[PDB]
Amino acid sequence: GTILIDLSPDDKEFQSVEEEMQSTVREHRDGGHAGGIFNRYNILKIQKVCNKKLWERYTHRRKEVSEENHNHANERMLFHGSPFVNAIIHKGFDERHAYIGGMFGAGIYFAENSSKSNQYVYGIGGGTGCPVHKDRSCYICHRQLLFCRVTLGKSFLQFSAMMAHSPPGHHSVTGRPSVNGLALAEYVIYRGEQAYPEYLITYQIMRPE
């Protein structure tokens, strides 16, 4: 039931989405090992993901979290990178998109830094890089990220020195780097229904000059 609508680069929605991409790149402590070396992206396409069934699944859960949290969904827009992006846009987030060995427990991870999500585009740790060149820093091959609507409800705050249940009380976990003062948060949900993949972003990382 999914349809994809191209946003025009002249459209203001294309532009605020690109801005959130570009403005949340940071340097990474792995020197670019997982996601490659770059400061900015070349944005190639931005599509809006439309699936009535997945949307209702999301808003139905959103209402429930909302009611449990002093009428507050605590709804964010957050990046998600994964080899399973084409499956997510068609069938939604589920247990199979969960990071079993994740630091904040076994759920689905999202990132405020788009460059954090880019590290996972070719799998945990960048896997072996693009399918074509086996290059985690490939500047040629087209990559895809999702920019997603995520319901956090009451988030459990977990300071970090950088499918399970949420801790009782909580609808999600915030993993908040405490050492790297420029690293933004990651969040973990334990139910697929708590994220909708609104935008599919197709891009290349750009070689620095």
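All residue numbers refer to positions in the sequence shown, first residue = 1. Superpose the two forms; the largest set of C-alphas matching within 1.5 Å is the rigid core.
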item: RMS Cα shift after core superposition in 9 other deposited structures of this protein, winner of 96-104 and 116-124; value: 96-104
item: Core-aligned Cα RMS comparison in 9 other deposited structures of this protein - stretch that moves more, 138-146 or 169-177; value: 169-177
item: Other entries lacking residue 151, at least a third; value: no
item: Third-or-more of other entries without residue 183; value: no
item: Chain break class for residue 162 to residue 163, judged by how many deposited residues have no coordinates; value: 1 to 3
item: Comparing 178-186 with 62-70, the one whose average Cα B-factor in the PDB entry is higher; value: 62-70
item: Residue stretch of maximal mean CA temperature factor, 7-15 vs 197-205; value: 7-15
item: Largest Cα B-factor, entry values, listed residues 121, 100, 138, 89; value: 100
item: Residue with highest C-alpha B-factor in the PDB entry, from 44, 54, 37, 34; value: 54
item: Entry-reported Cα temperature factor of residue 166, expressed as the chain third it lands in; value: highest
item: Third of the chain's Cα B-factor distribution that residue 131 belongs to, per the entry; value: highest
item: Chain-wide C-alpha B factor ranking for residue 81, given as lowest, middle or highest third; value: lowest
item: Third of the chain, ranked by Cα B-factor, where residue 93 sits; value: middle
